[PDB]
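Here are two versions of the same chain, shown separately as structure tokens and labelled structure 1 and structure 2.
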Structure 1
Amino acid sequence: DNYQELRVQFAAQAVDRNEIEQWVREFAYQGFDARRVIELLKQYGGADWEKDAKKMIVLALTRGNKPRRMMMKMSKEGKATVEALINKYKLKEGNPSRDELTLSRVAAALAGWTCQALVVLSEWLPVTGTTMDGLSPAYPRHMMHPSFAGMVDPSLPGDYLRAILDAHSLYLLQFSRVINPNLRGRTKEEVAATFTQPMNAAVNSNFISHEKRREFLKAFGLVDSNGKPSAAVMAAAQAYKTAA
């Protein structure tokens, strides 16, 4: 048994690009499992799942991702509603197994609705639309949640895709610093290192086709019928370039 010979023979094995890249995708970072999230919503929720999901998205966007914590500072009626949601959907916090629901996961799996809701919810978010407008004129409300990444069509022409992601990153920079106060004294590049992984995971996920995602981007007014980013997106992308 010549271990040195086994080693050199191993090195002589093909470097199969197709095979290796498939493994990369198989082992890639995944933030959440959209198909499982919806399956669980339908399972626990039955006939009530759609309305309950909408409530859970409003909760995620205006109060956060800790159901037991938010209950401590809430009206009697609101607390009762959340209590019932926890018991019905077995809601957890943070990053449990894929067989468990969280408020943030509901928002992410149903991003088409979430992003639209941001238009309505703007002034009740941790970073408001008004604040974003100070950084870039008419900042797109549809981009104002990490859930937006799942609406991005990665097959857009490179320059258009980059503009969409840079624009969205301007929000992510502000949002990350509000949610995690310890990121306030860190550079843009350092903060980006913390939000790019989940962003790219959703951009490149197998959930919602390229064509359907671009349809959402067009419906949201983020790109025109030719896929070119809106003036507001271009402004925000430029603002990200010079952001600190």
Structure 2
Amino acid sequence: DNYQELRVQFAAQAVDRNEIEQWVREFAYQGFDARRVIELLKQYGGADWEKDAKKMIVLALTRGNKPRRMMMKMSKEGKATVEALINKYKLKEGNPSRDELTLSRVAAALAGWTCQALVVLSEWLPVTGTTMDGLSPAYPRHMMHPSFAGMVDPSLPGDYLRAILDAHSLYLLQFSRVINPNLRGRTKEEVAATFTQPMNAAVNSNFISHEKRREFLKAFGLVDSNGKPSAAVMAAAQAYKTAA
């Protein structure tokens, strides 16, 4: 019938904030699917899934996300362990489908442990805690993996949240440059453009509730009882502002 009238009638319909925001979340960029990662770990791993996941996290943090490549530069024993992990958990490189595991995904799905492991693994990461201390004193080790974004409570007060993300970004700037010998022709802003979408996706995901995320941030020593960031976090956020 009358198309102009239909458009006009359509414009007169409610602009429902609760409804729209639900769709935004449902349709938002998702870098990885944590619930599917953990389901697949439990599926492939049975009783061994927890111990194997810790190994895989150590592999992700100290060797990276390419299982077949790291095998080419590894001890005979280590290589056999990794081959057995690839075979058991059907591990892939890069960004495969939802139904496929990667080392990075295991690390991100279980970031509550990953971030703690970083306290131990500091001197073996692509960028060491020693280096980070040179940019910002007592740089929080818990922030030293892309996984950490899954620990950030997005409901923190505007300035606290910003401090946390800025402080984390200081690491992300260094890390991205080290793992990519191509971001040489890249400013701070240009490097950020490649890391903030996966960062923000994890910050805003529905995996681990806001309260549980903040509890982790508190237990890690990154915020106090009110969500105010620690001295170290404040220092690292300040360093990000003046970093290039």
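Residues that one form lacks are left out of the comparison. We call the rigid core whatever largest set of C-alpha positions still superposes within 1.5 Å between the two forms. When a residue number appears, read it as a position in the sequence of structure 1, where counting begins at 1.
Once both forms are fitted on their rigid core, the CA atom of residue 231 lies less than 2 Å apart between structures 1 and 2. Once the core of the two forms is superposed, the Cα of residue 21 has moved 3.5 Å between structures 1 and 2. Lined up on the core, residue 214 has its CA atom moved by 0.1 Å between structures 1 and 2. After superposition on the rigid core, the Cα atom of residue 8 is displaced by 7.1 Å between structures 1 and 2. Core-superposed comparison between structures 1 and 2: one run of at least three consecutive shared residues with Cα shifts of 2 Å or more is located, at 1-27.
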